[PDB]
Amino acid sequence: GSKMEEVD
Amino acid sequence: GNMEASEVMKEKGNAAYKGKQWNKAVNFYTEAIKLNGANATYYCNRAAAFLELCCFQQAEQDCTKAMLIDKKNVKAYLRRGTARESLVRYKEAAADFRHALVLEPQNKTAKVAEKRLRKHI
């Protein structure tokens, strides 16, 4: 799941 | 080379972001992008730093560039969606939160957002 609060 | 430096700058941005150094993050990501302008994640990450600063237009433009580079970037839709909902543009937000779910059916953030947006659209 793409967690929007985390940068990649 | 600059390609390698770009990833280093991205990683420094990610550390700045994780420590809540939002401007530092923006500045690392700006440099990342100046060195390598063809990476959707560099733009998407910078959007995230802009969201935290309430720089919603700049976040949007960045999510919009991230999608030009890579249409399938889930976080670009989630983040542009958030900036739009913040700018009370609920119809446009829903489109983006809906498209994120097209790309990532299980995405919890888009589903929470759709439910909240329902009572404004």
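See the structure printed just above.
Residues numbered from 1 in each chain as written, not as in the entry; some residues may be left out. Chains lettered and ligands numbered in written order. Heavy atoms only, no water.

Student: Sorry if this is basic, but what is going on with the packing of aromatic side chains here?
Tutor: Aromatic rings considered in pairs are described by the distance between their centres and by the relative angle of their planes. Summed over the entire model, instances satisfying the criterion amount to 1 aromatic pair over all chains. Relative to B:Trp22, the ring of B:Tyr17 lies with its centre 4.9 Å away and its plane at 65°, an arrangement referred to as edge-to-face. (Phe/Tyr/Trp six-rings, centres within 6.5 Å; stacked < 30°, edge-to-face > 60°.)

Student: Teacher, can you tell me more about the interface of chain A and chain B here?
Tutor: It is common to give the size of an interface as the accessible area that goes away when the parts come together. Between chain A and chain B, the contact holds 8 residues from the first and 16 residues from the second. Where chain A abuts chain B, roughly 990 Å² becomes buried across the two surfaces, and 53% of that area is made up of carbon and sulfur atoms. The three residues of chain A that bury the most area against chain B are A:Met4, A:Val7 and A:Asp8, which together make up 67% of that side's buried surface. Applying the counting rule to chain A against chain B returns 1 salt bridge. The interface formed by chain A and chain B contains 10 residue pairs in polar contact. Split into classes, the residues belonging to the side of chain A that touches chain B amount to 2 nonpolar, 2 polar and 4 charged. (Contact = heavy atoms within 4.5 Å. Buried area = accessible area lost by both parts, 1.4 Å probe. Salt bridge = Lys/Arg side-chain N within 4 Å of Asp/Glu carboxyl O. Polar contact = N/O pair within 3.5 Å; in protein donor to acceptor, adjacent residues only side chain to side chain. Nonpolar A, V, L, I, M, F, W, Y, C, P; charged D, E, K, R; others polar.)

Student: What is the right way to read a positive patch on the surface from this model?
Tutor: Residues and elements named next belong to chain B. Residues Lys 91, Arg 98, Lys 108, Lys 111, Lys 115, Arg 118 and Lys 119 make up a contiguous surface patch of positive charge. If you list the elements that add at least two residues to the positive patch, you get α6 (90-103) and α7 (108-118). A total of 4 residues in the positive patch trace back to one element, the largest contributor, which is α7. Positionally, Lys 119 belongs in the segment after α7. Judged by its relative accessible area of 70%, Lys 119 falls in the exposed class. (Patch = residues over 30% accessible without salt bridge, like charges linked within 9 Å, V, L, I, M, F, W, Y side chains within 5 Å. Areas by Shrake-Rupley, 256 points an atom, 1.4 Å probe, with all protein chains shown as cover. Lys, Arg positive; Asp, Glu negative; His and termini not counted. Charge placed at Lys NZ, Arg CZ, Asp CG, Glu CD. Helix = DSSP H or I, 4+ residues; strand = E, 2+ residues; numbered from the N terminus. Buried < 20%, exposed > 50% of the residue type's maximum accessible area, 1.4 Å probe, protein only.)

Student: Is there a simple way to explain the pattern of salt bridges in this structure?
Tutor: Any two side chains of opposite charge can pair, on the condition that their charged atoms come close. All names here are of chain B. Applying the stated criterion across every chain yields a total of 8 salt bridges over all chains. Among the ionic pairs, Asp 62 bridges to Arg 46, the shortest N-O distance being 2.8 Å. Of this pair, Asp 62 sits in helix α4 (residues 56-69) while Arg 46 sits in helix α3 (residues 40-52), placing them 16 residues apart in sequence. Each member of the pair, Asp 62 as well as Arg 46, is classed as buried. We note a salt bridge from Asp 96 to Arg 80, for which the minimum N-O separation is 3.0 Å. With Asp 96 in helix α6 and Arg 80 in helix α5 (residues 74-86), this residue pair connects regions lying 16 residues apart in the sequence.

Student: What's the story with the side chain of B:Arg84 in this structure? I'm lost.
Tutor: Residue and element names in this part refer to chain B. Along the chain, the position of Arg 84 falls in helix α5. Judged by its relative accessible area of 13%, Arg 84 is buried. Not counting residues up to four positions away in its chain, the partners in contact with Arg 84 are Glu 60, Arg 89, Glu 92, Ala 93 and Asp 96.

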